[PDB]
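Heads up, the thing below is written out as structure tokens.
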2 protein chains.
Amino acid sequence: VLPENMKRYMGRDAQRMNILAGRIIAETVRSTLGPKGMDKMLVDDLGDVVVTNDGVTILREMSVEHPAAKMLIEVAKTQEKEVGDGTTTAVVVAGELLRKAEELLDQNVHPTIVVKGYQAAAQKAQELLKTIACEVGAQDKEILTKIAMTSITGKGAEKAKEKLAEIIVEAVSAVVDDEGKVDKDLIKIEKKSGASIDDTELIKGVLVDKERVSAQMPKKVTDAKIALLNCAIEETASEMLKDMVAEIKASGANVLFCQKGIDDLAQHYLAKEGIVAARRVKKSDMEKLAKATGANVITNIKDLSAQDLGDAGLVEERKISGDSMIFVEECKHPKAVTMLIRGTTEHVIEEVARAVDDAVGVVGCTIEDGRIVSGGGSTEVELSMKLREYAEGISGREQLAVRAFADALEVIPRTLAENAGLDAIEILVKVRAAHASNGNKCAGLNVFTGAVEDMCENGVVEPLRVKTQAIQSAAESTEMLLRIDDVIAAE
Amino acid sequence: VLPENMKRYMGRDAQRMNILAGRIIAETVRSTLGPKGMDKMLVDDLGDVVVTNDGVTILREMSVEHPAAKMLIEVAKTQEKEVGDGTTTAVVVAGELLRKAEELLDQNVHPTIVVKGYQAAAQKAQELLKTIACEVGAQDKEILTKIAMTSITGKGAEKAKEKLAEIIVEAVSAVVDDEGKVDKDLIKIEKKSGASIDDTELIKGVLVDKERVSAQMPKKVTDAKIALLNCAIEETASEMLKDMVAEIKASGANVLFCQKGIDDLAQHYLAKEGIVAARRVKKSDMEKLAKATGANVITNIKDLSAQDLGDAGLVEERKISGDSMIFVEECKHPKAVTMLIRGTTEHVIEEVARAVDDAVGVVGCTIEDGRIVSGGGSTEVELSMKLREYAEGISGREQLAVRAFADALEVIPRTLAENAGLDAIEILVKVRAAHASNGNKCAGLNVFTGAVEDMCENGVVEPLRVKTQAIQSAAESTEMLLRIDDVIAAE
């Protein structure tokens with residue numbers, strides 16, 4: 001009935017393909033998982049070389065064929081949008097869930113029963129996390145740097161996770177404002193080669209990659225009066241063109257950022273009036289500058305008045321790696337800040353720029369929702385234990401899926417230890433026993449010691465949202481996947 | 001899962017390919033390294049023949065495939081942008097670092113341990129260089145010519161490194177201004193065949209490749225009044241066109257550089273008023289002329305006034321290799337100078353022009369940061385010794401990588417001696433022993449004597465930045481490379 005070119009999978013072949021497809025992704029990314037995990041090199045169709053460990057980035061760059069692997073990516077993308085972290089980690093346990101789920105179908109457990117088991121175990125797993133979830137100060141310096149640093153680790157940049165934590169915690173806490181929701185757009189991620197990662201620095205203002213449009217304009221302005229015009233300073237005839245500049249002067253403005261171009265005659269008039277200016281300014285930069293200086297974005301040059309001017313304590317042209325850039329700093333009430341990332345190579349400042357973007361994310365997560373959980377696999381051990389107990393309370397056929405769900409959550413502690421160079425068997429014997437007795441804040445694996453320790457006391461913590469959202473999205477995707485027995489794909 | 005055409009390397013094959021890729025580049029360029037090193041001929045897709053020894057130039061011209069070789073180039077490009085020199089040298093030791101690093105991975109030393117070892121050794125290597133770093137006068141004539149000359153050597157032009165050092169040290173020191181940052185754009189590199197390399201000469205003013213637009217205009221102007229107009233001298237009707245010229249005259253201007261064209265009628269009016277002029281002037285030349293004469297760049301011809309005129313003591317049309325060029329010299333306060341490179345062939349003045357560009361770079365480096373180090377491999381011997389000692393203080397597994405790092409730094413002294421025609425074994429036995437006892441300023445290899453000598457006393461020194469930045473960028477790239485275990489490249 002169907003047209004030649006349309007393809008179809010069904011029954012165990014559809015389910016086998018679907019489980020294998022998701023498994024392949026999970027097995028691919030789990031190699032970057034953990035402090036002792038490795039990195040990946042993603043090279044595009046032009047030769048552009050990217051260095052990362054992020055599962056999502058890897059999945060966005062790779063071109064997938066199988067729908068099952070595409071759905072696992074959709075989970076990874078939601079995990080990115082919703083939390084930012086837990087990306088790589090969530091994918092791995094999802095593959096395991098599917099790996100084991102197939103056996104349950106092979107054991108003649110109806111897919112709706114496996115779904116019921118995973119649905120039940122995940123609903124209890126959320127309450128379990130909320131039960132052990134540790135409430136902390138939303139703006140607490142210490143825990144904010146503990147979240148920040150643990151997120152930073154496993155990267156070449158971790159050597160400076162202390163400086164990076166201080167930079168991100170400082171920038172974020174300020175731009176949070178109310179209690180609360182933080183906008184990452186208020187923290188600009190700028191990268192310029194030169195110096196090292198410890199030299200990365202936060203400027204409470206806006207750094208733009210612009211220069212002084214005229215040699216005759218000042219290179220430094222104190223108590224700067226910033227004007228923001230999106231209309232090009234270009235007028236037929238010198239009298240009308242001069243009028244434009246005369247209004248900027250008359251308004252008291254002496255720094256001028258034009259979103260569009262500036263006629264060379266206008267650049268002359270600007271330089272004549274002692275007005276320093278830059279043309280072809282990015283709309284985003286026009287916005288950050290308004291938010292920093294408190295300048296009012298003006299459309300028509302004629303409309304610009306003194307009341308529209310923004311304030312900056314210092315506007316100065318400085319060279320970074322030779323490139324001329326403008327620092328707009330010491331503004332009255334800047335709502336925007338700029339983090340300048342330093343490093344010895346383009347790829348170093350590239351990956352660091354990615355690392356600190358995430359650091360902002362996870363710090364913002366902790367401030368927005370003041371609940372965190374103990375890391376080092378301690379939570380996953382809690383869940384395995386209590387879900388094994390719950391499985392007995394569940395009974396019927398569903399217990400088998402609930403039992404397997406709890407076991408599947410162990411693949412993460414297992415992969416961490418494997419990559420750490422530890423025997424997952426000996427680890428789990430000591431960690432699981434030590435966890436059950438000592439508790440949740442007195443457990444997990446310290447891969448740097450090679451033994452069970454106190455992850456919470458060691459500052460090894462992650463935002464609650466990481467663990468809870470990971471379970472929600474991952475569980476629903478694998479339950480859905482199991483429901484499909486027949487896929488029809490047009491070419 | 002991945003599309004047909006996408007390629008992938010993983011595990012030891014990825015790491016083997018990556019180490020081999022970087023090694024190939026290092027082995028290719030190291031043949032130009034040293035006073036007794038050879039030159040390379042780079043020929044483009046049209047047949048254009050380039051003669052150079054510069055690793056960066058070679059790497060920019062060559063078309064690389066492997067990402068690993070591309071990352072080593074990124075180091076070489078940062079080395080160029082940041083320091084200018086140390087290009088070829090930095091690449092070589094980087095290849096060795098990777099060559100040895102592979103064995104450590106083969107010896108089951110986790111890549112993070114090798115990274116820790118290199119990270120530790122490089123951090124100590126910086127302090128070691130800062131410990132032996134010699135502070136010198138930022139504008140000291142003598143050491144500026146010593147830096148200059150040592151950079152010049154290994155080139156056919158070294159026969160005149162004394163004249164070249166004097167030329168570059170003179171030009172740079174002036175355009176430095178404050179303490180300080182030097183702009184290389186204030187020293188123009190002009191090349192015109194004829195004479196020899198000893199005939200290369202600096203003119204404290206601006207030399208442009210322009211001629212007298214009219215046969216009726218003067219070929220020599222004394223106490224010249226220079227006008228700089230970017231608007232073409234072309235007006236509908238003779239009265240309006242004449243007005244333009246009448247304003248130039250009225251302003252007192254008698255030399256006229258127009259960025260755009262000049263109507264033949266205007267050229268007549270200009271010649272009639274005794275005004276000498278050149279049209280179609282390059283924007284860069286309009287800028288250098290403003291900086292030299294102190295002329296104010298005027299947009300509208302009508303706007304030109306007497307106060308906008310720049311001063312030149314002498315503006316004269318002279319022929320070099322037959323070509324008519326204008327010398328604008330003896331200006332009041334010229335901020336720009338021009339170095340005219342002479343030589344017996346196009347390729348001679350080409351490579352010399354490259355050699356003196358670098359000479360400006362390295363002299364500027366010494367003035368900007370008044371720290372230098374002893375050359376002839378003395379530093380690298382210092383580092384090998386102290387890092388071998390530190391390795392013992394490091395202990396654990398990391399010592400193995402620190403030990404190998406210190407040894408890898410020796411490949412440079414080794415390659416210099418090989419190309420010098422010396423037995424690196426006998427050299428290192430005498431140099432290393434003589435260095436450890438006599439010190440840092442009483443060592444290194446004199447490849448011209450064929451024995452250990454005093455490189456510092458012999459004037460064989462290089463800027464600190466050369467050695468320190470080389471370690472920073474190179475160490476980070478090789479540490480990153482080691483971290484990647486899996487590369488996926490789209491076609």
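Ordering of the structure tokens sets the chain letters (A, B, ...); residue numbers start at 1 within each chain; ligands are numbered from 1 in the order shown.
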
request  = With a distance threshold of 6 Å and counting only C-alpha atoms, extract the residues of chain A near chain B and express them as an MDAnalysis selection string.
outcome  = chainID A and resid 38:45 63:65 265 344

query = residue 58 in chain B: which residues within 10 Å, counting only C-alpha atoms, same-chain residues fewer than 2 positions away excluded, as a PyMOL selection string?
reply = chain B and resi 25+28-29+40-42+50-56+60-63+73+88

ask   = Among range 221-469 of chain A, which residues carry a DSSP assignment of helix (DSSP H, G or I), reported as a PyMOL selection string?
value = chain A and resi 238-251+264-272+283-293+301-303+306-308+346-368+378-394+398-408+411-420+424-438+464-469

inquiry  = Need to verify the contact set: residue 96 in chain B, 12 Å, only C-alpha atoms, exclusion of same-chain residues closer than 6 positions in sequence. Can you return it as number ranges by chain?
reply    = B: 19-27, 30, 89-90, 102-103, 404-412, 414-415, 474-475, 478

Neighbour list for residue 334 in chain A as a PDB file with N, CA and C atoms, in the first residue's frame, cut-off 7 Å, only C-alpha atoms, skip fewer than 2 positions in-chain:
```
ATOM      1  N   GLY A 205      30.426  46.492  34.244  1.00  0.00           N
ATOM      2  CA  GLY A 205      30.078  47.378  33.133  1.00  0.00           C
ATOM      3  C   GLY A 205      30.063  46.567  31.837  1.00  0.00           C
ATOM      4  N   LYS A 291      21.506  49.383  29.494  1.00  0.00           N
ATOM      5  CA  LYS A 291      21.282  48.706  30.783  1.00  0.00           C
ATOM      6  C   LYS A 291      22.384  49.015  31.805  1.00  0.00           C
ATOM      7  N   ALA A 292      23.604  49.197  31.300  1.00  0.00           N
ATOM      8  CA  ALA A 292      24.770  49.557  32.122  1.00  0.00           C
ATOM      9  C   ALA A 292      24.750  51.024  32.576  1.00  0.00           C
ATOM     10  N   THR A 293      24.707  51.921  31.603  1.00  0.00           N
ATOM     11  CA  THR A 293      24.781  53.379  31.847  1.00  0.00           C
ATOM     12  C   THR A 293      23.442  53.967  32.306  1.00  0.00           C
ATOM     13  N   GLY A 294      22.363  53.246  31.983  1.00  0.00           N
ATOM     14  CA  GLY A 294      20.987  53.728  32.204  1.00  0.00           C
ATOM     15  C   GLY A 294      20.575  54.712  31.101  1.00  0.00           C
ATOM     16  N   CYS A 331      29.554  52.835  35.975  1.00  0.00           N
ATOM     17  CA  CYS A 331      28.234  53.427  35.701  1.00  0.00           C
ATOM     18  C   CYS A 331      27.489  53.543  37.031  1.00  0.00           C
ATOM     19  N   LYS A 332      26.486  54.414  37.051  1.00  0.00           N
ATOM     20  CA  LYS A 332      25.729  54.697  38.281  1.00  0.00           C
ATOM     21  C   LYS A 332      25.108  53.392  38.824  1.00  0.00           C
ATOM     22  N   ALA A 336      24.021  45.285  33.981  1.00  0.00           N
ATOM     23  CA  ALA A 336      24.730  44.356  33.104  1.00  0.00           C
ATOM     24  C   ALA A 336      26.205  44.407  33.481  1.00  0.00           C
TER      25      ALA A 336
END
```

key: Within 9 Å of residue 175 in chain A using only C-alpha atoms, minus same-chain residues under 5 positions, as a PyMOL selection string   = chain A and resi 182-184+186-187+335-337

inquiry  = With only C-alpha atoms as the counted atoms, please give the residues lying no more than 7 Å from residue 363 in chain A, apart from itself and same-chain residues fewer than 6 positions off, as a list in words.
reply    =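 Those residues are residues 144, 147, 148 and 169 of chain A.
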